[PDB]
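Undergrad: Just entry38.cif, nothing more (mmCIF, N, CA, C and O atoms and all ligand atoms):
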data_entry
#
loop_
_atom_site.label_atom_id
_atom_site.label_comp_id
_atom_site.auth_asym_id
_atom_site.auth_seq_id
_atom_site.Cartn_x
_atom_site.Cartn_y
_atom_site.Cartn_z
N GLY A 266 11.33 12.40 -18.21
CA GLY A 266 11.82 11.05 -18.45
C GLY A 266 10.73 10.00 -18.39
O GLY A 266 9.90 9.98 -17.47
N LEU A 267 10.71 9.12 -19.39
CA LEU A 267 9.65 8.13 -19.55
C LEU A 267 10.17 6.76 -19.15
O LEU A 267 11.34 6.43 -19.40
N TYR A 268 9.30 5.95 -18.56
CA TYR A 268 9.67 4.64 -18.04
C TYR A 268 8.69 3.58 -18.53
O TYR A 268 7.48 3.81 -18.62
N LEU A 269 9.23 2.41 -18.85
CA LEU A 269 8.45 1.22 -19.17
C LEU A 269 8.57 0.19 -18.06
O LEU A 269 9.62 0.06 -17.42
N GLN A 270 7.51 -0.58 -17.86
CA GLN A 270 7.58 -1.80 -17.06
C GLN A 270 7.33 -2.98 -17.98
O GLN A 270 6.38 -2.96 -18.78
N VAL A 271 8.16 -4.01 -17.87
CA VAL A 271 8.10 -5.16 -18.77
C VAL A 271 7.48 -6.36 -18.07
O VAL A 271 6.88 -7.23 -18.71
N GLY A 272 7.61 -6.43 -16.75
CA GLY A 272 7.01 -7.52 -16.00
C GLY A 272 7.11 -7.24 -14.52
O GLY A 272 7.84 -6.34 -14.08
N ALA A 273 6.35 -8.00 -13.75
CA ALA A 273 6.41 -7.93 -12.30
C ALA A 273 6.33 -9.35 -11.77
O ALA A 273 5.44 -10.11 -12.17
N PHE A 274 7.25 -9.71 -10.87
CA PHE A 274 7.43 -11.10 -10.49
C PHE A 274 7.56 -11.28 -8.99
O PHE A 274 8.22 -10.49 -8.31
N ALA A 275 6.94 -12.34 -8.48
CA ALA A 275 7.21 -12.73 -7.11
C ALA A 275 8.56 -13.42 -6.98
O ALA A 275 9.20 -13.33 -5.93
N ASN A 276 9.00 -14.12 -8.03
CA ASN A 276 10.28 -14.82 -8.04
C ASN A 276 11.36 -13.81 -8.42
O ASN A 276 11.38 -13.34 -9.56
N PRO A 277 12.27 -13.46 -7.50
CA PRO A 277 13.32 -12.49 -7.86
C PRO A 277 14.26 -13.00 -8.95
O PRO A 277 14.82 -12.19 -9.70
N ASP A 278 14.43 -14.32 -9.07
CA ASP A 278 15.28 -14.85 -10.13
C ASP A 278 14.67 -14.61 -11.50
O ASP A 278 15.38 -14.34 -12.47
N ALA A 279 13.34 -14.70 -11.60
CA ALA A 279 12.68 -14.38 -12.87
C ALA A 279 12.88 -12.92 -13.23
O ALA A 279 13.13 -12.59 -14.40
N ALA A 280 12.78 -12.03 -12.24
CA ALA A 280 12.97 -10.61 -12.50
C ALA A 280 14.40 -10.31 -12.93
O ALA A 280 14.63 -9.56 -13.88
N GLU A 281 15.38 -10.90 -12.24
CA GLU A 281 16.78 -10.67 -12.59
C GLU A 281 17.10 -11.20 -13.98
O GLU A 281 17.87 -10.58 -14.73
N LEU A 282 16.53 -12.35 -14.34
CA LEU A 282 16.77 -12.91 -15.66
C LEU A 282 16.18 -12.02 -16.75
O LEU A 282 16.83 -11.78 -17.77
N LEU A 283 14.97 -11.51 -16.54
CA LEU A 283 14.38 -10.62 -17.53
C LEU A 283 15.18 -9.34 -17.65
O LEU A 283 15.40 -8.84 -18.77
N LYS A 284 15.63 -8.79 -16.52
CA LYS A 284 16.50 -7.61 -16.55
C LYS A 284 17.75 -7.86 -17.39
O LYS A 284 18.12 -7.03 -18.22
N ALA A 285 18.41 -9.01 -17.18
CA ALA A 285 19.59 -9.32 -17.97
C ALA A 285 19.26 -9.45 -19.46
O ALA A 285 20.01 -8.95 -20.31
N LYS A 286 18.16 -10.12 -19.79
CA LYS A 286 17.77 -10.26 -21.19
C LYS A 286 17.50 -8.90 -21.83
O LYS A 286 17.87 -8.67 -22.99
N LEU A 287 16.85 -8.00 -21.10
CA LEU A 287 16.50 -6.70 -21.66
C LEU A 287 17.73 -5.87 -21.97
O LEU A 287 17.72 -5.09 -22.93
N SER A 288 18.78 -6.01 -21.16
CA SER A 288 20.00 -5.25 -21.41
C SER A 288 20.59 -5.54 -22.79
O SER A 288 21.36 -4.73 -23.31
N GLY A 289 20.24 -6.68 -23.38
CA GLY A 289 20.68 -7.02 -24.72
C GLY A 289 19.82 -6.48 -25.84
O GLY A 289 20.22 -6.57 -27.00
N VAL A 290 18.65 -5.92 -25.53
CA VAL A 290 17.76 -5.40 -26.56
C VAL A 290 17.55 -3.89 -26.48
O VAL A 290 16.93 -3.33 -27.40
N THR A 291 18.01 -3.23 -25.42
CA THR A 291 17.87 -1.79 -25.28
C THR A 291 19.13 -1.22 -24.65
O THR A 291 19.80 -1.90 -23.86
N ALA A 292 19.45 0.03 -24.99
CA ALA A 292 20.50 0.80 -24.36
C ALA A 292 20.02 1.59 -23.14
O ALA A 292 20.86 2.14 -22.41
N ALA A 293 18.72 1.67 -22.92
CA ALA A 293 18.23 2.42 -21.77
C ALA A 293 18.54 1.65 -20.49
O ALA A 293 18.66 0.42 -20.52
N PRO A 294 18.69 2.34 -19.36
CA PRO A 294 18.94 1.63 -18.10
C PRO A 294 17.79 0.68 -17.79
O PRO A 294 16.63 1.04 -17.94
N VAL A 295 18.14 -0.52 -17.35
CA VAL A 295 17.17 -1.52 -16.91
C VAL A 295 17.39 -1.73 -15.42
O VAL A 295 18.54 -1.88 -14.97
N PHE A 296 16.31 -1.72 -14.65
CA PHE A 296 16.45 -1.85 -13.21
C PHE A 296 15.24 -2.58 -12.65
O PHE A 296 14.20 -2.70 -13.29
N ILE A 297 15.39 -3.10 -11.43
CA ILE A 297 14.30 -3.75 -10.73
C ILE A 297 13.88 -2.85 -9.59
O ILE A 297 14.73 -2.33 -8.86
N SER A 298 12.58 -2.62 -9.46
CA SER A 298 12.03 -1.87 -8.35
C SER A 298 11.17 -2.84 -7.56
O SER A 298 10.16 -3.34 -8.06
N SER A 299 11.58 -3.14 -6.33
CA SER A 299 10.91 -4.15 -5.52
C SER A 299 10.07 -3.46 -4.46
O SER A 299 10.56 -2.56 -3.77
N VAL A 300 8.81 -3.87 -4.32
CA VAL A 300 7.87 -3.23 -3.41
C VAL A 300 7.06 -4.30 -2.70
O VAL A 300 6.91 -5.42 -3.18
N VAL A 301 6.52 -3.93 -1.54
CA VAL A 301 5.56 -4.79 -0.85
C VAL A 301 4.19 -4.53 -1.44
O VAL A 301 3.72 -3.39 -1.47
N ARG A 302 3.54 -5.59 -1.92
CA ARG A 302 2.21 -5.49 -2.47
C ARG A 302 1.45 -6.73 -2.07
O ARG A 302 1.92 -7.85 -2.30
N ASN A 303 0.29 -6.55 -1.45
CA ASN A 303 -0.57 -7.68 -1.11
C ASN A 303 0.16 -8.71 -0.25
O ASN A 303 0.05 -9.92 -0.46
N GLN A 304 0.96 -8.20 0.69
CA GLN A 304 1.68 -9.00 1.68
C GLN A 304 2.79 -9.83 1.07
O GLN A 304 3.26 -10.79 1.69
N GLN A 305 3.21 -9.49 -0.13
CA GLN A 305 4.30 -10.19 -0.80
C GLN A 305 5.26 -9.15 -1.34
O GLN A 305 4.93 -7.97 -1.46
N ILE A 306 6.46 -9.60 -1.67
CA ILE A 306 7.42 -8.77 -2.37
C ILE A 306 7.20 -8.95 -3.86
O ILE A 306 7.20 -10.08 -4.37
N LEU A 307 7.04 -7.84 -4.57
CA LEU A 307 6.83 -7.83 -6.00
C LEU A 307 8.04 -7.16 -6.64
O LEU A 307 8.40 -6.05 -6.27
N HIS A 308 8.66 -7.85 -7.59
CA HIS A 308 9.86 -7.35 -8.26
C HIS A 308 9.48 -6.86 -9.65
O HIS A 308 9.21 -7.67 -10.55
N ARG A 309 9.46 -5.54 -9.84
CA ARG A 309 9.05 -4.93 -11.09
C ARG A 309 10.28 -4.65 -11.95
O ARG A 309 11.22 -4.00 -11.49
N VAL A 310 10.26 -5.13 -13.18
CA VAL A 310 11.38 -4.96 -14.10
C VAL A 310 11.06 -3.77 -14.99
O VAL A 310 10.07 -3.79 -15.72
N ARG A 311 11.87 -2.73 -14.91
CA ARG A 311 11.57 -1.46 -15.54
C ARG A 311 12.76 -0.96 -16.34
O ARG A 311 13.90 -1.42 -16.18
N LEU A 312 12.49 -0.01 -17.24
CA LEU A 312 13.60 0.64 -17.92
C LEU A 312 13.32 2.11 -18.13
O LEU A 312 12.17 2.54 -18.23
N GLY A 313 14.38 2.89 -18.14
CA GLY A 313 14.27 4.32 -18.32
C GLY A 313 15.30 5.03 -17.48
O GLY A 313 16.06 4.40 -16.74
N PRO A 314 15.34 6.37 -17.55
CA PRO A 314 14.40 7.20 -18.31
C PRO A 314 14.70 7.27 -19.80
O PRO A 314 15.86 7.41 -20.21
N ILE A 315 13.64 7.17 -20.60
CA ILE A 315 13.73 7.28 -22.05
C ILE A 315 13.38 8.71 -22.44
O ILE A 315 12.44 9.30 -21.90
N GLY A 316 14.15 9.27 -23.38
CA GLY A 316 14.07 10.70 -23.65
C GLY A 316 12.94 11.17 -24.53
O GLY A 316 12.70 12.38 -24.58
N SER A 317 12.23 10.28 -25.22
CA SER A 317 11.20 10.73 -26.15
C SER A 317 10.17 9.64 -26.35
O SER A 317 10.46 8.46 -26.19
N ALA A 318 8.96 10.06 -26.74
CA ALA A 318 7.89 9.12 -27.04
C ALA A 318 8.27 8.19 -28.19
O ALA A 318 7.97 6.99 -28.15
N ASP A 319 8.94 8.73 -29.22
CA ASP A 319 9.34 7.88 -30.35
C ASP A 319 10.29 6.78 -29.90
O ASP A 319 10.18 5.63 -30.34
N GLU A 320 11.23 7.10 -29.01
CA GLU A 320 12.12 6.06 -28.54
C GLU A 320 11.37 5.05 -27.68
O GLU A 320 11.66 3.85 -27.73
N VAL A 321 10.39 5.51 -26.89
CA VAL A 321 9.56 4.56 -26.15
C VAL A 321 8.90 3.58 -27.11
O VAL A 321 8.92 2.36 -26.88
N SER A 322 8.30 4.09 -28.20
CA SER A 322 7.60 3.22 -29.13
C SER A 322 8.55 2.21 -29.76
O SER A 322 8.23 1.02 -29.85
N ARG A 323 9.73 2.66 -30.21
CA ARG A 323 10.71 1.74 -30.78
C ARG A 323 11.23 0.74 -29.75
O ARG A 323 11.51 -0.41 -30.10
N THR A 324 11.35 1.16 -28.49
CA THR A 324 11.79 0.24 -27.44
C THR A 324 10.72 -0.81 -27.16
O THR A 324 11.04 -2.00 -26.99
N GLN A 325 9.45 -0.41 -27.09
CA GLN A 325 8.37 -1.37 -26.97
C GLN A 325 8.43 -2.39 -28.10
O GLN A 325 8.29 -3.60 -27.87
N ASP A 326 8.64 -1.91 -29.33
CA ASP A 326 8.72 -2.82 -30.47
C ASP A 326 9.85 -3.83 -30.30
O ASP A 326 9.66 -5.03 -30.55
N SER A 327 11.04 -3.37 -29.88
CA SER A 327 12.19 -4.26 -29.74
C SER A 327 11.94 -5.31 -28.66
O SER A 327 12.38 -6.46 -28.79
N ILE A 328 11.25 -4.92 -27.59
CA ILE A 328 10.94 -5.88 -26.54
C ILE A 328 9.97 -6.94 -27.05
O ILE A 328 10.12 -8.13 -26.76
N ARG A 329 8.98 -6.53 -27.85
CA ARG A 329 8.06 -7.51 -28.43
C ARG A 329 8.76 -8.42 -29.43
O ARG A 329 8.48 -9.62 -29.48
N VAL A 330 9.68 -7.87 -30.23
CA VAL A 330 10.41 -8.70 -31.19
C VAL A 330 11.18 -9.78 -30.45
O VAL A 330 11.24 -10.94 -30.88
N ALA A 331 11.77 -9.42 -29.31
CA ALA A 331 12.53 -10.34 -28.48
C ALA A 331 11.64 -11.28 -27.68
O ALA A 331 12.16 -12.13 -26.95
N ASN A 332 10.32 -11.14 -27.79
CA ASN A 332 9.37 -11.98 -27.05
C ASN A 332 9.62 -11.91 -25.55
O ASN A 332 9.55 -12.91 -24.84
N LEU A 333 9.90 -10.71 -25.06
CA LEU A 333 10.24 -10.51 -23.66
C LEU A 333 9.09 -9.97 -22.82
O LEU A 333 9.27 -9.77 -21.61
N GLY A 334 7.93 -9.73 -23.41
CA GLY A 334 6.79 -9.31 -22.65
C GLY A 334 6.03 -8.22 -23.37
O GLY A 334 6.33 -7.87 -24.51
N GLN A 335 5.02 -7.67 -22.68
CA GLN A 335 4.14 -6.63 -23.20
C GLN A 335 4.43 -5.35 -22.44
O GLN A 335 3.76 -5.05 -21.45
N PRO A 336 5.42 -4.56 -22.87
CA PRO A 336 5.89 -3.45 -22.04
C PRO A 336 4.89 -2.31 -22.02
O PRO A 336 4.35 -1.92 -23.06
N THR A 337 4.65 -1.76 -20.83
CA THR A 337 3.70 -0.69 -20.64
C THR A 337 4.37 0.52 -19.99
O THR A 337 5.28 0.38 -19.18
N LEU A 338 3.92 1.71 -20.37
CA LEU A 338 4.39 2.91 -19.71
C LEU A 338 3.96 2.92 -18.25
O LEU A 338 2.82 2.55 -17.92
N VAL A 339 4.87 3.32 -17.37
CA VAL A 339 4.58 3.44 -15.95
C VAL A 339 5.15 4.76 -15.45
O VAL A 339 6.15 5.26 -15.97
N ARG A 340 4.52 5.31 -14.43
CA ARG A 340 5.21 6.48 -13.91
C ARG A 340 6.04 6.09 -12.69
O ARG A 340 5.56 5.33 -11.85
N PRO A 341 7.30 6.58 -12.60
CA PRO A 341 8.26 6.06 -11.62
C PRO A 341 7.76 5.94 -10.19
O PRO A 341 7.30 6.92 -9.59
N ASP A 342 7.84 4.73 -9.65
CA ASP A 342 7.54 4.47 -8.25
C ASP A 342 8.84 4.12 -7.54
O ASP A 342 9.62 5.00 -7.17
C1 LIG B 1 -3.58 -1.49 -14.72
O1 LIG B 1 -3.01 -2.29 -13.68
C2 LIG B 1 -1.74 -2.77 -14.02
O2 LIG B 1 -1.87 -3.72 -15.08
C3 LIG B 1 -0.62 -4.30 -15.47
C4 LIG B 1 -0.88 -5.16 -16.72
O3 LIG B 1 0.33 -5.46 -17.41
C5 LIG B 1 -0.02 -5.11 -14.29
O4 LIG B 1 1.26 -5.69 -14.62
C6 LIG B 1 1.46 -7.05 -14.70
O5 LIG B 1 1.17 -7.68 -13.46
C7 LIG B 1 1.08 -9.11 -13.61
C8 LIG B 1 0.59 -9.70 -12.28
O6 LIG B 1 -0.59 -9.00 -11.86
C9 LIG B 1 2.44 -9.68 -14.03
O7 LIG B 1 2.29 -11.08 -14.30
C10 LIG B 1 3.38 -11.87 -14.04
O8 LIG B 1 3.25 -12.36 -15.37
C11 LIG B 1 4.37 -13.18 -15.74
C12 LIG B 1 4.23 -13.54 -17.23
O9 LIG B 1 4.69 -12.45 -18.04
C13 LIG B 1 4.43 -14.42 -14.83
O10 LIG B 1 5.56 -15.24 -15.18
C14 LIG B 1 5.47 -16.52 -15.66
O11 LIG B 1 4.83 -17.47 -14.81
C15 LIG B 1 4.72 -18.78 -15.40
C16 LIG B 1 3.94 -19.64 -14.40
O12 LIG B 1 2.87 -18.84 -13.86
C17 LIG B 1 6.12 -19.35 -15.69
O13 LIG B 1 6.04 -20.64 -16.30
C18 LIG B 1 6.88 -18.37 -16.61
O14 LIG B 1 8.23 -18.85 -16.80
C19 LIG B 1 6.89 -16.95 -16.01
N1 LIG B 1 7.53 -15.98 -16.92
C20 LIG B 1 8.75 -15.41 -16.66
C21 LIG B 1 9.20 -14.44 -17.73
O15 LIG B 1 9.43 -15.67 -15.67
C22 LIG B 1 4.53 -13.97 -13.36
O16 LIG B 1 4.43 -15.14 -12.49
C23 LIG B 1 5.71 -15.66 -12.03
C24 LIG B 1 5.45 -17.09 -11.59
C25 LIG B 1 6.32 -14.81 -10.86
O17 LIG B 1 5.57 -14.04 -10.20
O18 LIG B 1 7.57 -14.98 -10.67
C26 LIG B 1 3.42 -12.99 -13.01
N2 LIG B 1 3.59 -12.44 -11.66
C27 LIG B 1 2.58 -12.34 -10.74
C28 LIG B 1 3.02 -11.74 -9.44
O19 LIG B 1 1.42 -12.71 -10.93
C29 LIG B 1 2.94 -8.99 -15.32
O20 LIG B 1 4.31 -9.35 -15.60
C30 LIG B 1 2.82 -7.46 -15.24
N3 LIG B 1 3.07 -6.86 -16.56
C31 LIG B 1 3.92 -5.81 -16.68
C32 LIG B 1 4.08 -5.30 -18.10
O21 LIG B 1 4.51 -5.32 -15.72
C33 LIG B 1 0.15 -4.20 -13.06
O22 LIG B 1 0.45 -5.03 -11.92
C34 LIG B 1 1.83 -5.11 -11.52
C35 LIG B 1 1.94 -6.29 -10.57
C36 LIG B 1 2.29 -3.78 -10.85
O23 LIG B 1 1.40 -3.12 -10.24
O24 LIG B 1 3.51 -3.44 -10.95
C37 LIG B 1 -1.17 -3.45 -12.75
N4 LIG B 1 -0.99 -2.47 -11.67
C38 LIG B 1 -1.82 -2.44 -10.57
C39 LIG B 1 -1.47 -1.35 -9.58
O25 LIG B 1 -2.75 -3.21 -10.40
#
Can the structure from this file be put into structure tokens for me?
TA:
Amino acid sequence: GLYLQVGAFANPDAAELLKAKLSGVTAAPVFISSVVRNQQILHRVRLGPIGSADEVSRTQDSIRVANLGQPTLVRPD
């Protein structure tokens, strides 16, 4: 299973808003993974698992068309 990260935010409201926006551009599960990093809480907006590289590429394209960020492959944390 393949995963994308679309953004990482200190503001949880920004992360939740991006998660909601992404649900309108992809059918893959969208979730927030929040971690302690550099003495702060970081809210990572992620999606997956995606079943194939081709679907990852098309999902990246749809996120860029929606101007929602520069999505990068991440391995699940
Ligand atoms: C190889 O290392 C990895 O590189 C990744 C490169 O993509 C990196 O991920 C990125 O991390 C940056 C921070 O380091 C993160 O940047 C946030 O960027 C957004 C813009 O997209 C900021 O949001 C905007 O802020 C302005 C004002 O500053 C607002 O006016 C505007 O409305 C905001 N936009 C939205 C949509 O709300 C955001 O700042 C806001 C203020 C916030 O924190 O709430 C930036 N956050 C921070 C904390 O600086 C960027 O989104 C992220 N990109 C992706 C695709 O995830 C990896 O780092 C992240 C943190 C991670 O590790 O998960 C690098 N990994 C490591 C281990 O170093």
Undergrad: Give the centre and edge lengths of an axis-aligned box, in Å to one decimal, that holds all listed atoms of ligand LIG 1 (chain B) with 3 Å on each side, as AutoDock Vina command-line options.
TA:
--center_x 2.9 --center_y -11.0 --center_z -13.8 --size_x 19.0 --size_y 25.3 --size_z 14.7
Undergrad: From the list A:279, A:307, A:297, A:269, which residue is nearest residue A:325 when using only C-alpha atoms?
TA: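 Closest to residue A:325, using only C-alpha atoms: A:269.
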Undergrad: Mind running chain A against ligand LIG 1 (chain B) at 5 Å and telling me each contacting residue's nearest atom pair with the distance in Å (one decimal), counting only N, CA, C and O atoms and all ligand atoms, chain and number ascending, as CSV?
TA:
residue,atom,partner,partner_atom,distance
A:270,O,B:LIG1,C32,3.4
A:271,O,B:LIG1,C32,3.5
A:272,CA,B:LIG1,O20,3.3
A:273,O,B:LIG1,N2,3.0
A:274,CA,B:LIG1,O17,3.5
A:275,N,B:LIG1,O17,2.8
A:276,N,B:LIG1,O18,3.1
A:279,CA,B:LIG1,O15,4.5
A:335,O,B:LIG1,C32,3.4
A:336,CA,B:LIG1,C32,4.7
A:337,N,B:LIG1,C32,4.5
Undergrad: Nearest to residue A:339 among A:291, A:320, A:327, A:312, with distances taken over only N, CA, C and O atoms: which residue is it?
TA: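 Residue with the minimum atom-to-atom distance to residue A:339: A:312.
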Undergrad: Got a sec: who's within 7 Å of residue A:283, counting only N, CA, C and O atoms, leaving out chain neighbours fewer than 5 positions off, as a list in words?
TA: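 The contact residues come out as residues 277, 278, 288, 310 and 333 of chain A.
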Undergrad: Can you write just those residues out, N, CA, C and O atoms, as an mmCIF file, in the coordinates of the input?
TA:
data_model
loop_
_atom_site.group_PDB
_atom_site.id
_atom_site.type_symbol
_atom_site.label_atom_id
_atom_site.label_comp_id
_atom_site.auth_asym_id
_atom_site.auth_seq_id
_atom_site.Cartn_x
_atom_site.Cartn_y
_atom_site.Cartn_z
ATOM 1 N N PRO A 277 12.270 -13.460 -7.500
ATOM 2 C CA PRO A 277 13.320 -12.490 -7.860
ATOM 3 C C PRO A 277 14.260 -13.000 -8.950
ATOM 4 O O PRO A 277 14.820 -12.190 -9.700
ATOM 5 N N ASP A 278 14.430 -14.320 -9.070
ATOM 6 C CA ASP A 278 15.280 -14.850 -10.130
ATOM 7 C C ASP A 278 14.670 -14.610 -11.500
ATOM 8 O O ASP A 278 15.380 -14.340 -12.470
ATOM 9 N N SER A 288 18.780 -6.010 -21.160
ATOM 10 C CA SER A 288 20.000 -5.250 -21.410
ATOM 11 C C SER A 288 20.590 -5.540 -22.790
ATOM 12 O O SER A 288 21.360 -4.730 -23.310
ATOM 13 N N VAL A 310 10.260 -5.130 -13.180
ATOM 14 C CA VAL A 310 11.380 -4.960 -14.100
ATOM 15 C C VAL A 310 11.060 -3.770 -14.990
ATOM 16 O O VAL A 310 10.070 -3.790 -15.720
ATOM 17 N N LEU A 333 9.900 -10.710 -25.060
ATOM 18 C CA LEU A 333 10.240 -10.510 -23.660
ATOM 19 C C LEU A 333 9.090 -9.970 -22.820
ATOM 20 O O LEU A 333 9.270 -9.770 -21.610
#
